[PDB]
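Structural overview for review
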Amino acid sequence: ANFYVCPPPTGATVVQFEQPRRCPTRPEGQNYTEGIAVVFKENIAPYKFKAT
Amino acid sequence: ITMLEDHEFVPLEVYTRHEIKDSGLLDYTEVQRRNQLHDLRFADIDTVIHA
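Residues numbered from 1 in each chain as written, not as in the entry; some residues may be left out. Chains lettered and ligands numbered in written order. Part of a larger assembly, values for the part shown. Heavy atoms only, no water. Residues with missing side-chain atoms left out of burial classes, pairs and counts.

Structure determination for this PDB entry was carried out by cryo-EM, with a resolution of 3.04 Å recorded in the header.

The name recorded for chain B in the PDB entry is Envelope glycoprotein B, from Human herpesvirus 1.

If you check the PDB entry, chain A appears there as Envelope glycoprotein B from Human herpesvirus 1.

Written out as structure tokens, the structure is:
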């Protein structure tokens, strides 16, 4: 519920649209090297052997 | 736009409770079991000799 009156614009104020911004580029990505693996853990289990 | 793929988290633990229990050198339960079964095994606990 408002009204406005626009006077004929002059050359006092001049505006321009922003230039196309440089879009960000996708990251190169994590260079992944495949391969087999065997994770080892500390041997808390004792060394068992048969004794008589 | 691509969906995040489904993932199945399998059970995993560095040390199970069994190996944690077995980590100790001596277990009182097994030691006492063997010691108290020693008499029953290597001796007769029922035969009675009277003379």
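From this point, the discussion proceeds with the structure in view.
1. A short note on the overall build of chain A
We apply this condition: Strands here mean DSSP runs of E at least two residues long; helices mean DSSP runs of H or I at least four residues long; both are numbered from the N terminus. Taken over C-alpha atoms, the radius of gyration is set against a globule rule of 2.2 Å times the number of residues to the power 0.38.
The helix and strand tally for chain A stands at 0 helices and 0 strands. Scaling as 2.2 N^0.38, a compact globule of 52 residues should have a C-alpha radius of gyration of about 10 Å, whereas chain A reaches 37 Å, well beyond that. Taken over the C-alpha atoms alone, chain A extends approximately 110 × 35 × 15 Å along its principal axes.

2. Considering the interface of chain B and chain A
Short version of the rule: Note on contacts: a residue pair qualifies if any of its non-hydrogen atoms lie within 4.5 Å across the two residues. Computed with a 1.4 Å rolling probe, the buried area is the accessible surface lost when two parts are put together, summed over both parts. Salt bridges are identified by distance alone: a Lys or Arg side-chain nitrogen within 4 Å of an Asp or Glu carboxyl oxygen. In protein, a polar contact requires one atom able to donate a hydrogen and another able to accept it; more generally it is a pair of N or O atoms within 3.5 Å, and residues adjacent in sequence count only if both atoms are side-chain atoms.
Counting from both sides, the interface comprises 7 residues of chain B and, opposite them, 6 residues of chain A. In total, chain B and chain A occlude about 540 Å² of area from one another, counting both sides; carbon and sulfur atoms represent 59% of this. It is B:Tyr15, B:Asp22 and B:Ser23 that lose the most area in chain B upon contact with chain A, and together they represent 69% of the buried surface on that side. Inspection of the region where chain B meets chain A yields 2 salt bridges. Across the salt bridge formed by A:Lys48 and B:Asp22, the nearest N and O atoms sit 3.3 Å from each other. Counting the contacts that link chain B with chain A gives 3 residue pairs in polar contact.

3. Comments concerning the layout of surface pockets
As a reminder, the rule being used: Cavities and pockets were defined on a 1 Å grid built from protein atoms only: a cavity is a group of points that admits a 1.4 Å probe but offers it no way out, a pocket is an open group of points flanked by protein on both sides within 12 Å along at least five of seven lines, and a lining residue is one with an atom within 4 Å of any such point. Grid points are joined across faces, edges and corners, and a volume is the space filled by probe spheres set on the points. Amino acid classes used here: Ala, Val, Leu, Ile, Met, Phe, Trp, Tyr, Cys and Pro are nonpolar; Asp, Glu, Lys and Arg are charged; the rest, including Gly, are polar.
A volume near 240 Å³ is recorded for the largest pocket. If you go around the largest pocket, the residues you meet are A:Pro46, A:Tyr47, A:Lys48, B:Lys21, B:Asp22, B:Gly24, B:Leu25, B:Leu26, B:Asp27, B:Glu30 and B:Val31. Each residue belonging to the lining of the largest pocket can be placed in one class, and the counts come to 5 nonpolar, 1 polar and 5 charged.

4. Concerning a nonpolar patch on the surface
Residues and elements named next belong to chain B. Spelled out, the test is: A patch consists of residues exposed above 30% relative accessible area that lack any salt bridge, with like charges linked at up to 9 Å and nonpolar side chains (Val, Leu, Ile, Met, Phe, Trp, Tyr) linked at up to 5 Å. Here, Shrake-Rupley sampling with a 1.4 Å probe gives the accessible areas, and only protein chains in the shown set may cover a residue. With a 1.4 Å probe rolled over the protein chains alone, any residue whose accessible area is under 20% of its type maximum counts as buried; one over 50% counts as exposed, and the rest are partly exposed.
Together, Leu37, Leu40 and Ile45 make up an exposed nonpolar region whose accessible area comes to about 270 Å². Here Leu40 is to be found in helix α2 (residues 28-42). Judged by its relative accessible area of 48%, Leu40 is partly exposed.

5. Regarding the pattern of salt bridges
Counted according to the given criterion, the structure contains 2 salt bridges over all chains. Across the pair A:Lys41 and B:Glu19 runs a salt bridge, and its minimum N-O distance is 3.7 Å. A:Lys41 sits in the partly exposed class, given a relative accessible area of 46%.

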